[PDB]
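In: dropping in the first section of the assembly, placed as in the complex:
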Amino acid sequence: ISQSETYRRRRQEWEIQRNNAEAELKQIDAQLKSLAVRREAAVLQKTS
């Protein structure tokens, strides 16, 4: 029985970390747009 639970608890942990990964790469993904906005901005700067 105890063996079983270990796997379950481990699974739970994996689930935890998986979310941390997804959220992380959502965060990072969003950052890309932010940087891209600054790109557009500095682009316009050169035009000036």
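Out: That came in fine, so what should we check first? Residues are numbered from 1 along each chain as shown, chains lettered A, B, ... in the order given.

In: next, count neighbours for residue A:20.
Out: 10 (other Cβ atoms under 10 Å). Where you see a C-beta, it was placed from the backbone N, CA and C, and this is true even at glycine.

In: that one: what secondary structure?
Out: Three-state assignment for residue A:20 (DSSP: H, G, I helix; E, B strand; the rest coil): helix.

In: tell me the spacing between it and residue A:31.
Out: 16 Å (Cβ to Cβ, to the nearest Å).

In: same thing with residue A:12?
Out: For residue A:12 relative to residue A:31 (Cβ to Cβ), the value is 29 Å.

In: can you name the residues that contact residue A:45?
Out: Residue A:45 makes no contacts at all, as judged by Cβ atoms under 8 Å, 6 or more residues apart in numbering.

In: against residue A:2, how distant is it?
Out: The value you get for residue A:45 to residue A:2, if Cβ to Cβ is used, is 64 Å.

In: for residue A:26, see how far away residue A:35 is.
Out: Counting by Cβ to Cβ, the gap from residue A:35 to residue A:26 is 15 Å.

In: let's bring in chain B now:
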Amino acid sequence: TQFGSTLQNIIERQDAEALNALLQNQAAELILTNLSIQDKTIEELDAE
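Out: The block that follows adds chain B to the chains above:
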């Protein structure tokens, strides 16, 4: 000679008003792109 110095003064001052007009126009043009820049940086803050 008197008409001379008056005419000369008039020309030099004509050119000065020209230079002034040029300045106000080209500066009024630069503020446009600077304005668009500000809007893109606030867009960046929203991305953030």
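
In: the contacts of residue A:45 with chain B there, same question as before?
Out: residue B:37 (Cβ atoms under 8 Å, 6 or more residues apart in numbering or on different chains).

In: which residue does chain B have closest to chain A?
Out: Taking Cβ to the nearest Cβ, chain A has its nearest neighbour within chain B at residue B:47, 3.6 Å off.

In: mind giving me the packing neighbours of the helix or strand hosting residue B:40?
Out: Secondary structure from DSSP states H and E places residue B:40 in helix B:2-47. Applying 3 or more Cβ pairs under 8 Å, 6 or more residues apart in numbering or on different chains; DSSP states H and E, we find helix B:2-47 packed against helix A:2-47.

In: quick check: the spatially closest residue to the residue of chain B closest to chain A that is not a sequence neighbour vs residue A:20, distance?
Out: Take residue B:47 and drop its neighbours on the chain: the residue closest to it by Cβ to Cβ, 6 or more residues apart in numbering or on different chains is residue A:34, 3.6 Å away. Distance, residue A:34 to residue A:20, by Cβ to Cβ: 21 Å.

In: same question, residue A:42
Out: On the measure of Cβ to Cβ, residue A:42 and residue A:20 end up 33 Å apart.
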